[PDB]
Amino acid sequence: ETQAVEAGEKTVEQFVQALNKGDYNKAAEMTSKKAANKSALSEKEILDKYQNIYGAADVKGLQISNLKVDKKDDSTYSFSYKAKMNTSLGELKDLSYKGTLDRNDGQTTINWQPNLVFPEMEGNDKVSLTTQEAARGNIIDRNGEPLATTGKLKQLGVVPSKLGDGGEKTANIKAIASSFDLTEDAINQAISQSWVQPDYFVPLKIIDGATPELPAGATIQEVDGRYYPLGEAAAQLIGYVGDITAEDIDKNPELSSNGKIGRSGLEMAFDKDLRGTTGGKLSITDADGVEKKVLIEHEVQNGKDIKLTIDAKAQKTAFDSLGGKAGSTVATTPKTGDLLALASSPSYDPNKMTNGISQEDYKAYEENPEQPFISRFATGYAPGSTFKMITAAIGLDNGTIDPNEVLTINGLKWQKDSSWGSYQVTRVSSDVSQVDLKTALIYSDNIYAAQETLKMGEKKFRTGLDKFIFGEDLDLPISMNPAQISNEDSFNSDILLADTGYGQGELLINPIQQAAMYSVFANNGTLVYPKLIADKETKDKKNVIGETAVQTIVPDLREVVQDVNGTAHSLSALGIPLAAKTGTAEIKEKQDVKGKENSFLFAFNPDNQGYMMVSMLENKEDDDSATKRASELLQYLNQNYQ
């Protein structure tokens, strides 16, 4: 008997697998003939039964356990098992299935019955599913301001019949295009789509502002939709939602096919918390309508709100100050890690992305060489000559750097020996030959940094660098790679070591990780991990650099602003207590023989430690710099974060 009991087990398991994979034909072909005490339906009728019922509830992933196959008659084997499955209303668990098998000739088949769809079905019972959509949660400021919310939008559209016939039609179209900032070709292509019928409402755009005058055939209808009040100023961070597709439902049936799904940014990172859970009832009914068994039922749970450390006024000021140029700005409260602003420029319109965007406009975003879809605050860059601060702090800690000892540096270029060939560390001024640490920080002297790094050596340099967060995964709902010192564990190059010393080489640190590292100067050498979710706890890392080093470097960083030749001296206009460090990075991209240049600014309040800022300009235009663009954000942070 055990040979056939095994054949039965194999048959039941092959059946369950075909149902699990959605191959309902293959499962139907394992059923015995249609007869009393055999199969209740034919193969095709069984296929159509599973396709309708399991398709209606979006059944996914049938799993069984506790399978038993016994023997009853000479050719009849009884099976039983427990099963669970996923539906658009959550997991159905603890299902007791039951049936009999048939052995004729040399093969074993399943005596199919309706109770092998759901357990307590019989005869011509039917399945009903009712669903209520969950409302999407909000994303809000550290003070409750909406960053992503669900508002009532004014949808402009035209009805082709109420437009005219010939000359009145062309004139009305012209009026619409000129009164709502549309093109005549767009309106004509819209009303000419295959799906349009003459009496239909053809939607054109979402009107933000005050509805102007409505020419003949134009109509304003209200619709509910996701709305981003800061717009492109927070697009990369917040992201946007899009229409849910059949393929999203196949991967997660607990979504709402009628709803919206986060496609990038925080909308996608927190899509589960924000989407809520669908409400409704899955039931077995009788020959018609009469409920006989409720399989799953629960009420709709609307999505939860997400509250960020962001300050929406800082976010808007940070983004606007970049003037549409390529770059990024990160602002923190360095003693807690609160991320006040994460701006990336240039940017895209998230309200346009979510309310239906042209293929031309979308492609413009994708072919823009400055790539507005990039989240530059989460992209790793060489940190630039700003990094001298870190190298200095490390050198003060391990006793390599005497603050008051001078190096003799002549000219604008320096190389260790001739083996460096055509590589040379460069500085901007040759007016100071006797360079100590304060002079090097004030004038941004890379030759000093390069020489002190070479003197320190790789081991001590890395011992100091390893106390920071290279290799660590920050606990943030933003997709990023951990910062690195170089490609390998060794530089194996005096050039690369010197290069790394002033923030170049193979260093990759995204702007958020930079603000994390530079926080040591606002916390006496303690690193304070950045924080984006307001309710989260402050995390930190003690003794990253020495308190003596901080107290030596920060007064020099004040002079970067106050000294008449300091590289950030234009910020002394502000009349606020500032410590700053400028920086540049030289980049060789393959599509240009002349190299590109990244411009950096680091600044914080050395009196109260209330704010900190790291701004960067990528592939800067001539006569442009992060420092030139920082006064507005610095005034704001200084006023409101003490």
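All residue numbers refer to positions in the sequence shown, first residue = 1.
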Which is higher in the entry, the mean Cα B factor of 173 to 181 or that of 301 to 309?
-> 173 to 181
Averaging the C-alpha B factors as listed in the entry, name the stretch that ends up higher: 625 to 633 or 20 to 28.
-> 20 to 28
Going by the CA temperature factor in the entry, name the top one among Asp224, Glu506, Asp243, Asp431.
-> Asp224
From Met268, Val425, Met353, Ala287, can you pick the one with the highest C-alpha B factor in the entry?
-> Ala287
Chain third (lowest, middle, highest) by recorded CA B-factor, residue given as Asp250 = middle
Of the three thirds of the chain ranked by Cα temperature factor, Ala57 occupies the middle
Within this chain, which third does the Cα B-factor at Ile139 fall in: lowest, middle or highest?
-> middle
According to the PDB entry, is the CA B factor of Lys49 in the bottom, middle or top third of its chain, that is, lowest, middle or highest?
-> middle
Place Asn608 in the lowest, middle or highest third of its chain's C-alpha B-factors, as listed in the PDB entry.
-> middle
